[PDB]
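Working notes, beginning with the structure itself.
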Amino acid sequence: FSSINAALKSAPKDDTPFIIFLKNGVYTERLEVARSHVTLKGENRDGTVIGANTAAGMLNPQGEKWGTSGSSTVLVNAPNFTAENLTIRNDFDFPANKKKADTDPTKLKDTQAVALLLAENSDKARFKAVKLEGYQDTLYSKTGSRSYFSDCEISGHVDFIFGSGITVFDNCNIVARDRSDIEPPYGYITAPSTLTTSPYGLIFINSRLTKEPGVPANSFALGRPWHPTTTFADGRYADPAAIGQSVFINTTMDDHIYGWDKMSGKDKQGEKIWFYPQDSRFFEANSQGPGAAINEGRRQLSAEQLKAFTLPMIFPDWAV
């Protein structure tokens with residue numbers, strides 16, 4: 001087979017399981033998985049790579065802006081998709097773009113570049129030993145998406161694990177990328193937009209919150225409450241029903257974590273409104289490492305509350 005897309009396109013139009021092996025190498029290619037039960041197994045998680053260069057500010061061949069949702073390298077929008085031993089990355093050079101002068105005509109304002117977008121139909125998304133490379137907005141999940149990440153790696157700095165859907169991480173490595181642009185804060189690990197009606201969002205079980213060699217201490221927030229600007233019946237404003245949930249359990253944290261931080265959104269009159277972590281579903285449970293603290297601003301789960309985040313409870317109808 002020529003490409004990952006050629007293999008997916010050739011697969012029968014039924015809902016039968018389809019396995020695509022990937023021998024080591026770099027596949028500069030974009031994906032939109034519409035077929036269910038598609039499993040992508042690569043030769044090595046580091047050696048096998050799917051990666052395109054797409055920034056939100058960039059223009060499609062049309063050509064209007066791609067946008068955050070359009071910037072995905074691999075866009076999953078089907079149930080039972082699984083990825084095994086491969087890297088999905090966005091080739092966008094965030095640091096170099098920030099290195100560009102303000103006078104530089106090629107510098108972009110919209111700097112988010114999604115590696116993996118798990119859309120509303122991406123149910124039972126399974127991820128055994130997978131690296132996700134990015135800088136801003138690396139992993140994006142939407143309401144309806146239910147995914148399980150085991151023995152996996154995710155890198156980025158600004159809101160690199162963000163969105164609505166249920167996304168669980170078991171014994172995974174969450175890397176905070178270094179930045180030469182700014183003084184701290186450098187970025188924020190999660191930006192959950194978990195809907196008020198949906199009980200689960202971004203969960204981290206037995207995982208590691210690591211930092212890159214250059215990253216200073218107290219430069220990263222665990223989370224930041226994302227209230228997406230949504231066009232409603234009466235106007236377009238930060239969706240109030242989007243009170244995100246990011247939970248960390250038995251997770252060791254390097255010294256770069258300073259805690260949680262707040263998000264600026266837009267009013268019904270179109271003005272800067274602040275959503276605070278206190279009002280958001282941000283919780284910790286027996287988290288370890290130098291970047292772990294307890295204070296007025298680190299709300300922690302009770303023994304009874306922790307019982308709800310058992311893997312069978314969070315995924316009842318899924319074997320996992």
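Labels for the structure tokens follow display order: chains A, B, ..., residues from 1 in each chain, ligands from 1.
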For this session: Considering only C-alpha atoms, return as a ChimeraX atom specification whatever protein or nucleic-acid residues lie within 8 Å of segment 7-11 of chain A, sequence-local ones (same chain, fewer than 5 positions apart) excluded.
Result: /A:1-2,18,20,33,35,38
Exercise. Can you list, as a PyMOL selection string, every protein, DNA or RNA residue that comes within 10 Å of segment 47-56 of chain A when you count only C-alpha atoms, leaving out same-chain residues fewer than 6 positions away?
Worked result: chain A and resi 4+22-31+41+65-74+85-94+108-115+130-133+136
At most 12 Å is the cut-off: for each residue in segment 259-283 of chain A with any atom that close to an atom of segment 187-207 of chain A, write down the nearest atom pair and the distance in Å rounded to one decimal, counting only C-alpha atoms, chain first then increasing number, as a tab-separated table.
```
residue	atom	partner	partner_atom	distance
A:259	CA	A:188	CA	9.7
A:260	CA	A:188	CA	8.5
A:261	CA	A:188	CA	8.1
A:262	CA	A:191	CA	9.9
A:263	CA	A:191	CA	8.8
A:264	CA	A:191	CA	11.8
A:275	CA	A:193	CA	11.6
A:277	CA	A:191	CA	10.9
A:279	CA	A:196	CA	11.9
A:280	CA	A:192	CA	9.4
A:281	CA	A:194	CA	9.1
A:282	CA	A:192	CA	9.5
A:283	CA	A:203	CA	9.6
```
For this session: Extract the full set of strand (DSSP E) residues from segment 54-248 of chain A according to DSSP on the backbone, and format it as a ChimeraX atom specification.
Result: /A:74-76,82-90,116-118,123-133,139-141,146-150,153-156,158-163,166-170,173-176,187-192,202-205,208-211,220-223,229-231,236-238,245-248
Seminar exercise, completed: Closest of A:215, A:209, A:152, A:75 to residue 178 of chain A, counting only C-alpha atoms, is A:215
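The residue that comes closest to residue 158 of chain A, out of A:129, A:99, A:224, A:212 and on the basis of only C-alpha atoms, is A:224.
In this structure, atom CA of residue 107 of chain A sits 9.3 Å away from atom CA of residue 57 of chain A.
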